[PDB]
Amino acid sequence: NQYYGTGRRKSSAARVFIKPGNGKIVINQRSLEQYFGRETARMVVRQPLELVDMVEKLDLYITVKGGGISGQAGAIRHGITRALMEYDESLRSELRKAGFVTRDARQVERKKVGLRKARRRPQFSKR
Amino acid sequence: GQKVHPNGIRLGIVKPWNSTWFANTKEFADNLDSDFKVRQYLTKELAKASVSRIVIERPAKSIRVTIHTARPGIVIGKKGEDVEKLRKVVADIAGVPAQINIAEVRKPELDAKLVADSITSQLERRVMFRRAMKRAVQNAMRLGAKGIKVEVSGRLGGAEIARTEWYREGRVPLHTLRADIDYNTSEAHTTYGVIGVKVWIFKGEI
Amino acid sequence: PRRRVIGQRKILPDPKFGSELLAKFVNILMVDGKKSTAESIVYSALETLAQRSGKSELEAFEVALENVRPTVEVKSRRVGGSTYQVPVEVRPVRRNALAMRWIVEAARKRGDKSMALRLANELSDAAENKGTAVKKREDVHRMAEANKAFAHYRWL
Amino acid sequence: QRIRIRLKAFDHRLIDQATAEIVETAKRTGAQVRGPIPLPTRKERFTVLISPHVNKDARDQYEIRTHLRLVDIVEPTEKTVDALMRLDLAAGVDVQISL
Amino acid sequence: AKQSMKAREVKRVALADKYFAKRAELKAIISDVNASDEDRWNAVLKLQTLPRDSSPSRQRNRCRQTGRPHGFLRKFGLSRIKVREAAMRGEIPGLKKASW
Amino acid sequence: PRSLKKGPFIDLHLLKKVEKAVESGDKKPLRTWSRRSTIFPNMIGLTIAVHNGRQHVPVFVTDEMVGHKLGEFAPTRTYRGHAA
RNA sequence: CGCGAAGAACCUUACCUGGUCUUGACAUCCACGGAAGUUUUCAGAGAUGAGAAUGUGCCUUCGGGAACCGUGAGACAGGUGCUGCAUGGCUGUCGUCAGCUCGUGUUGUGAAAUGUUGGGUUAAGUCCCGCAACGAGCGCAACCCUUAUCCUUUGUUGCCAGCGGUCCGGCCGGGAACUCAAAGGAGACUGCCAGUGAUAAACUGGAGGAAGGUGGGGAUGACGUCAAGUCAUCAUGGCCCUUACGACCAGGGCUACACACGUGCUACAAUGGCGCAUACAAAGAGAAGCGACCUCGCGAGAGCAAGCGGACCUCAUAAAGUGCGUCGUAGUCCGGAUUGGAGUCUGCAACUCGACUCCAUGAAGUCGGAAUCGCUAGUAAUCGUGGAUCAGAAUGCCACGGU
Ligand SMILES: [Mg+2]
Ligand SMILES: [Mg+2]
Ligand SMILES: [Mg+2]
Ligand SMILES: [Mg+2]
Ligand SMILES: [Mg+2]
Ligand SMILES: [Mg+2]
Ligand SMILES: [Mg+2]
Ligand SMILES: [Mg+2]
Ligand SMILES: [Mg+2]
Ligand SMILES: [Mg+2]
Ligand SMILES: [Mg+2]
Ligand SMILES: [Mg+2]
Ligand SMILES: [Mg+2]
Ligand SMILES: [Mg+2]
Ligand SMILES: [Mg+2]
Ligand SMILES: [Mg+2]
Ligand SMILES: [Mg+2]
Ligand SMILES: [Mg+2]
Ligand SMILES: [Mg+2]
Ligand SMILES: [Mg+2]
Ligand SMILES: [Mg+2]
């Protein structure tokens with residue numbers, strides 16, 4: 001009845017659900033315009049809704065937990081993408097070529113002993 | 001450079017912990033001290049008993065000590081009088097009753113403690129170190145060592161300057177994690193100083 | 001760099017207009033890891049120019065870019081023990097990169113009411129080509145003319 | 001009266017052996033049971049300086065991992081509780097039965 | 001360390017054991033409570049009167065196996081390097097070298 | 001500073017010796033090692049030989065000094081200067 | 001050179017002044033009386049000395065012991081006293097650099113050589129081709145840890161698509177699908193296509209793919225160099241004290257200041273300051289401990305006290321962010337030193353010499369010379385958070401997440 005998607009940008013998890021509708025999206029029991037304060041953070045969510053024509057026909061309940069503002073937005077983007085994967089599976093040549101199915105495995109690096117910022121080594125004098 | 005301890009690095013993989021007991025932070029250091037007391041007292045008066053490994057277990061209401069050695073006859077005595085005296089003292093150390101299980105090693109020369117303590121003991125008995133290390137290596141290979149390495153260092157032969165002497169036969173893949181290396185270190189207190197002895201024994205992988 | 005050669009880094013394009021250059025411009029304008037505010041000011045600057053110039057602000061920023069994009073550079077080198085400022089033609093990926101960088105600090109020295117306002121005036125004045133950007137580009141052109149004497153030095 | 005079994009052990013292999021030897025004892029006394037759940041394993045990391053006199057960059061990191069398992073018994077019996085007391089288990093796992 | 005230092009520390013912990021439950025906590029609470037008056041002043045005199053070695057702050061936890069004042073760990077009760085070598089021999093359960 | 005609920009600070013030996021001297025009249029300097037004690041008005045107009053580490057420095061108790069501590073008027077370091 | 005010190009008020013402490021002891025603070029043995037403990041007072045800075053009450057345990061062949069207590073004698077204990085250039089152990093360094101060797105064969109009278117060189121290639125003595133070399137080993141890589149994707153297993157203390165109830169808040173029955181927790185398993189191998197190349201190895205591009213070229217980091221540090229560091233973790237040969245280089249105390253010092261250097265934190269501002277409203281993290285700690293709610297206090301805190309040995313309870317809410325209005329380029333609604341007054345909490349005690357709060361003052365500084373350092377991707381940069389050490393005492397150290 002409801003197509004499912006999962007998204008994770010950096011350290012967040014996204015729960016994305018699809019139903020037919022009139023192009024309305026609710027995020028954590030809250031409108032997206034109220035939730036994502038940043039304009040870029042707002043419209044990255046709806047980026048895949050242009051090359052895919054289903055923008056006006058999908059009501060989209062989403063719950064996203066963890067991470068930060070940009071991370072949650074990237075997680076939201078990846079979750080909608082996957083939720084579409086179990087619907088049409090025929091727009092791959094376009095959607096992959098944009099780069100949305102790809103899971104961003106890039107991650108924050110652990111701190112190292114003898115380093116200040118896990119790669120920055122302390123400034124030293126040669127003498 | 002310096003090497004990681006081959007037991008410590010492979011402790012979590014192939015090397016069973018000597019202490020295999022659990023508790024909270026409340027009695028962690030307390031029971032750690034008791035294990036120290038037990039092991040040091042046990043070693044000191046079983047120095048002749050060829051003690052190799054001591055495994056301390058702490059069931060919920062007691063302590064169990066498994067002594068892997070090569071001479072069970074000495075450590076038990078007649079009809080078990082000695083193991084009961086060790087029971088009294090070891091139990092009183094930790095304040096709880098103690099079970100003692102004695103396991104025997106059929107091949108002493110394939111365990112890194114017996115070879116190490118023997119080589120050390122020969123030094124204060126004034127056996128020359130080159131021959132001693134060679135005798136150990138030949139024994140291991142004959143009795144089925146896949147690889148051997150012995151390290152005798154410090155004040156060799158009464159000289160003024162300490163020298164490093166090592167000799168490796170066979171196969172010692174230290175950097176291989178699945179490799180089974182039994183390592184031990186023993187010491188020699190001689191009239192011209194103190195000598196360190198290191199033994200690596202490889203006995204196959206996985 | 002010394003063993004394995006690698007190409008450029010791909011940057012997600014501008015979301016509001018689909019450009020790669022606007023995203024790169026705002027990224028190089030970004031300071032101290034703050035892209036949230038950087039996006040806000042770049043949108044405000046382009047819309048002020050949209051109402052001032054023609055409706056399609058895309059072309060207005062484009063022309064303000066081309067009249068300041070540099071095609072010749074100055075590179076410091078030492079071959080025989082003397083300082084050589086060799087001029088070389090720069091490939092377009094670096095052409096547009098150096099142009100927008102200079103514009104970034106050009107706005108900072110303008111000193112207007114706000115950072116958004118000074119960028120808007122800088123980008124507008126570049127469209128008429130009276131801008132301090134064109135001033136800097138004429139400055140690099142005179143020293144480039146001067147470096148044509150160095151142009152035939154060692155490592156031409 | 002539904003009881004809740006808590007098991008702590010350093011080694012992950014040992015907790016699985018423990019939680020797999022309690023359950024068939026429950027079947028030996030013959031009572032229906034519920035599946036053990038993995039509660040978040042806790043990892044403790046001690047970073048210790050290794051040089052005896054002086055260094056700072058030479059320091060090793062040692063972690064203690066304690067794994068925690070939960071069991072829920074739905075319908076206990078005196079024979080079932082007698083089995084929990086009588087059954088012998090490994091010294092590496094502690095008992096935190098709760099009524 | 002030093003046998004004198006270890007003997008000093010055993011005496012210190014014994015006196016703290018002896019006195020922590022008998023006067024120390026109650027004198028602290030009766031000085032903190034605002035219901036009482038000037039009985040706190042009398043209490044402060046007797047508190048100073050004690051041998052003064054009874055304060056647990058007078059104690060410095062040291063490696064019991066070696067007595068080293070610095071580089072101590074509470075969970076293991078040992079010096080930093082003493083924990084390391086004992087761990088390599090395998091004497092601390094569930095302990096290994098971390099990686100993450 | 002010690003909290004107002006806890007009151008000020010004073011040492012038992014110092015307190016007992018100050019009151020005896022006050023009762024018997026200011027006769028002689030009071031020998032002390034307890035620099036941590038606080039100057040209380042009961043010892044006004046008295047000379048206290050406060051210890052600094054090597055020599056007990058006399059101090060006279062005056063009204064404006066009350067509340068400050070007994071060991072405050074005993075500089076334990078002697079630094080003339082880095083010049084000759 | 002923010003090194004040992006993961007934390008000097010006392011203690012630590014090893015230094016100084018002064019008071020003190022001389023089988024000794026600590027261990028074994030010899031003799032005597034004796035259980036420890038509790039109340040109390042006097043001298044003293046305390047050590048210690050002195051006064052006074054209660055007490056006498058167990059097995060017992062009633063012959064002794066242990067917790068031990070106190071005095072005398074001796075073997076002596078004790079030395080953080082010297083030599084790291086006598087040593088063991090441990091560590092730094094080049095450096096995670098790619099090297100270090102052996103067997104057999106062959107060459108050379110021989111020491112030895114070859115293999116290991118050469119054309120390429122690789123992160124690599126990695127691989128390929130050639131080559132009197134053929135193989136092999138220690139190192140490289142792989143196996144271990146974590147993160148990136150999915151499948152299966154269990155569902156509370158964690159989750160709420162659907163069912164109904166909904167004190168309309170996952171709160172209740174209820175569901176295990178999902179986020180998540182952790183246990184096992186699958187996948188990433190230049191596997192296939194094309195181009196370059198010397199039809200080889202490799203390199204480049206592509207397809208699929210969550211991830212593509214070691215997927216990103218961690219652990220792992222060969223043979224050896226530096227008479228490298230440590231005799232003050234420890235053990236140890238030799239050397240020296242042993243009425244003193246040992247030991248018990250109180251105060252002091254390790255925090256001193258004409259100056260120099262190194263490592264950092266806070267700034268000089270408008271991408272900012274100031275005020276209000278508003279949203280999300282990860283990692284850890286916690287039983288002599290974290291401490292809610294409620295009340296008082298401008299406040300740090302105080303009172304009462306719930307719960308939590310913890311996926312529940314508590315530190316715990318994040319900060320730059322966004323929306324609003326003012327500041328309007330001014331040594332300033334910047335900057336925060338310094339200084340005064342008054343306070344809070346720890347602790348026997350905050351003067352030398354702790355941290356924090358409120359009010360009062362507001363120094364240099366408007367981005368820094370020669371020179372010099374870090375960093376190639378979630379990395380610099382920047383913003384907060386936690387831990388150990390810890391009674392109290394971070395801008396240091398170790399970790400975590402946000403942009
Ligand atoms: Mg970070
Ligand atoms: Mg190492
Ligand atoms: Mg000693
Ligand atoms: Mg302390
Ligand atoms: Mg001191
Ligand atoms: Mg002192
Ligand atoms: Mg040396
Ligand atoms: Mg040969
Ligand atoms: Mg020949
Ligand atoms: Mg070579
Ligand atoms: Mg050669
Ligand atoms: Mg050669
Ligand atoms: Mg070659
Ligand atoms: Mg390499
Ligand atoms: Mg190789
Ligand atoms: Mg070859
Ligand atoms: Mg490797
Ligand atoms: Mg030297
Ligand atoms: Mg030295
Ligand atoms: Mg210092
Ligand atoms: Mg602390």
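Cβ placement follows ideal geometry from the backbone for every residue including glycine, while neighbour counts extend to all protein chains displayed. Read the figures in this text as sums done on the coordinates, not as results from a lab.
Which condition from (1) surrounded by fewer than 16 Cβ atoms within 10 Å (Cβ to Cβ); (2) assigned to a strand (DSSP E or B); (3) out of contact with any helix residue (DSSP H, G or I) (no Cβ under 9 Å at 6 or more places or on another chain) is the one that residue D:41 breaks?
(3)
Could you pull out the residue among D:58, D:26, D:18 that is away from ligand 1 (no atom under 16 Å from the Cβ), of a type outside the set (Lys, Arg), at negative phi and in contact with a helix residue (DSSP H, G or I) (Cβ under 9 Å, 6 or more places away or on another chain)?
D:26
For the stretch A:96-124, enumerate the residues that are touching a helix residue (DSSP H, G or I) at 6+ places or on another chain (Cβ under 7 Å) and touching a residue at least 24 places away in the same chain (Cβ under 8 Å).
Listed by number, the residues that qualify are A:98, A:100, A:103, A:104.
What's the total number of residues in the stretch D:57-99 that are in contact with a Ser or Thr (Cβ under 7 Å, 6 or more places away or on another chain), within 14 Å of chain A (Cβ to nearest Cβ) and part of a loop (DSSP other than H, G, I, E, B)?
Residues meeting the conditions: 1.
Consider residue E:33 carefully, then state whether it is more than 16 Å from ligand 4 (Cβ to nearest atom), within 14 Å of the chain's Cα centre (by Cα) and not basic (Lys, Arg).
No.
Does the stretch B:24-34 contain any residue that is assigned to a helix (DSSP H, G or I), facing another protein chain (nearest Cβ under 10 Å) and crowded, with 21+ Cβ neighbours inside 10 Å?
Yes: one or more hits.
State all residues of the stretch D:48-81 that are in contact (Cβ under 8 Å) with a residue 40 or more places away in the chain and more than 20 Å from the chain's Cα centre (by Cα); if no residue qualifies, say none.
D:75, D:76, D:77, D:79, listed by residue number.
Residues that are β-branched (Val, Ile, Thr) and out of contact with any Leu (no Cβ under 8 Å at 6 or more places or on another chain), at least 3 per element: which helices (runs of 4 or more DSSP H) completely within the stretch C:92-147 meet that?
Helices (runs of 4 or more DSSP H) meeting the threshold: C:132-147.
Among the residues of the stretch B:90-117, what is the count of those that are under 15 Å from the mean Cα position of the chain (by Cα) and touching a residue at least 60 places away in the same chain (Cβ under 8 Å)?
Looking only at that region, the number is 8.
I'd like the residue in the stretch E:58-85 that is aliphatic (A, V, I, L, M) and under 15 Å from residue D:52 (Cβ atoms) and, out of all such residues, is surrounded by the fewest Cβ atoms within 10 Å (Cβ to Cβ).
The extreme case among them is E:81.
For the stretch B:155-198, what are the residues that are closer than 26 Å to residue B:9 by Cα, small (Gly, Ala, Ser) and part of a loop (DSSP other than H, G, I, E, B)?
B:170, B:179
Residue F:21: farther than 27 Å from residue E:31 by Cβ and surrounded by 10 or more Cβ atoms within 10 Å (Cβ to Cβ), yes or no?
Yes; evaluated as a whole, the condition is true for this residue.
Which of the residues spanning the stretch C:31-53 are more than 14 Å from chain A (Cβ to nearest Cβ), under 20 Å from the mean Cα position of the chain (by Cα) and not in a helix (DSSP H, G or I)?
C:31, C:32
Here are C:27, C:96: which of them is touching a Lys or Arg at 6+ places or on another chain (Cβ under 8 Å) and either more than 28 Å from residue A:45 (Cβ to Cβ) or more than 14 Å from every other protein chain (Cβ to nearest Cβ) (or both)?
It is C:96.
So which of D:5, D:22 is assigned to a strand (DSSP E or B), away from chain E (no Cβ under 14 Å), hydrophobic (A, V, I, L, M, F, W, C) and touching a residue at least 40 places away in the same chain (Cβ under 8 Å)? Lay out the reasoning, then the answer.
Values: D:22 fails: assigned to a strand (DSSP E or B).
Exactly one of D:5, D:22 is assigned to a strand (DSSP E or B), away from chain E (no Cβ under 14 Å), hydrophobic (A, V, I, L, M, F, W, C) and touching a residue at least 40 places away in the same chain (Cβ under 8 Å), namely D:5.
Might you check whether a residue that is within 14 Å of chain E (Cβ to nearest Cβ), of a type in the set (A, V, I, L, M) and buried (at least 18 other Cβ atoms within 10 Å of the Cβ) occurs anywhere in the stretch B:71-94?
No, the stretch B:71-94 contains no residue that is within 14 Å of chain E (Cβ to nearest Cβ), of a type in the set (A, V, I, L, M) and buried (at least 18 other Cβ atoms within 10 Å of the Cβ).
Restricting the stretch B:50-70 to residues that are part of a strand (DSSP E or B) and away from chain D (no Cβ under 14 Å), which is surrounded by the fewest Cβ atoms within 10 Å (Cβ to Cβ)?
Among them, the one singled out is B:68.
One residue is enough: does the stretch D:6-17 have a residue meeting the conditions touching a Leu at 6+ places or on another chain (Cβ under 7 Å) and charged (D, E, K, R)?
The answer is yes, given that some residue of the stretch D:6-17 is touching a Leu at 6+ places or on another chain (Cβ under 7 Å) and charged (D, E, K, R).
Would it be correct to say that residue F:44 is of a type in the set (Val, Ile, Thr), more than 7 Å from RNA strand G (Cβ to nearest atom) and more than 14 Å from every other protein chain (Cβ to nearest Cβ)?
It is true that residue F:44 is of a type in the set (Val, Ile, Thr), more than 7 Å from RNA strand G (Cβ to nearest atom) and more than 14 Å from every other protein chain (Cβ to nearest Cβ).
Small (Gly, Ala, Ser) and within 24 Å of residue E:42 (Cβ to Cβ): which single residue out of F:45, F:7 fits that description?
F:7
Looking only at the stretch D:58-99, how many residues end up being acidic (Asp, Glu) and exposed (fewer than 13 other Cβ atoms within 10 Å of the Cβ)?
Residues that pass the stated criteria total 4.
Filter the stretch A:56-103 down to the residues that are within 6 Å of RNA strand G (Cβ to nearest atom) and of a type in the set (D, E, K, R), then identify the one that is farthest from residue A:23 (Cα to Cα).
A:103
Within 16 Å of ligand 3 (Cβ to nearest atom) and hydroxyl-bearing (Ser, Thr, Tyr), is that true of residue E:99?
no
Out of all the residues in the stretch E:84-100, which are closer than 24 Å to residue A:111 by Cβ, within 16 Å of ligand 2 (Cβ to nearest atom) and outside any strand (DSSP E or B)?
Those that are closer than 24 Å to residue A:111 by Cβ, within 16 Å of ligand 2 (Cβ to nearest atom) and outside any strand (DSSP E or B): E:84, E:87, E:98, E:99.
If I go through the stretch E:37-57 residue by residue, how many of them are more than 28 Å from residue E:10 (Cα to Cα) and loosely packed, with under 13 Cβ neighbours inside 10 Å?
Residues in the stretch E:37-57 being more than 28 Å from residue E:10 (Cα to Cα) and loosely packed, with under 13 Cβ neighbours inside 10 Å: 4 in total.
Residue by residue, here is whether (1) surrounded by fewer than 20 Cβ atoms within 10 Å (Cβ to Cβ); (2) within 14 Å of chain C (Cβ to nearest Cβ); (3) within 19 Å of residue A:86 (Cβ to Cβ) holds:
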| site | (1), (2), (3) |
| --- | --- |
| A:10 | yes, no, no |
| A:20 | yes, no, yes |
| A:23 | yes, no, no |
| A:27 | no, no, no |
| A:36 | no, yes, no |
| A:43 | yes, yes, no |
| A:46 | yes, yes, no |
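Of a type outside the set (S, T, N, Q) and assigned to a strand (DSSP E or B): is that true of residue B:47 in this structure? Break it down into steps so the answer makes sense when it comes.
Numbers: of a type outside the set (S, T, N, Q): yes; assigned to a strand (DSSP E or B): no.
Criteria not met by residue B:47.
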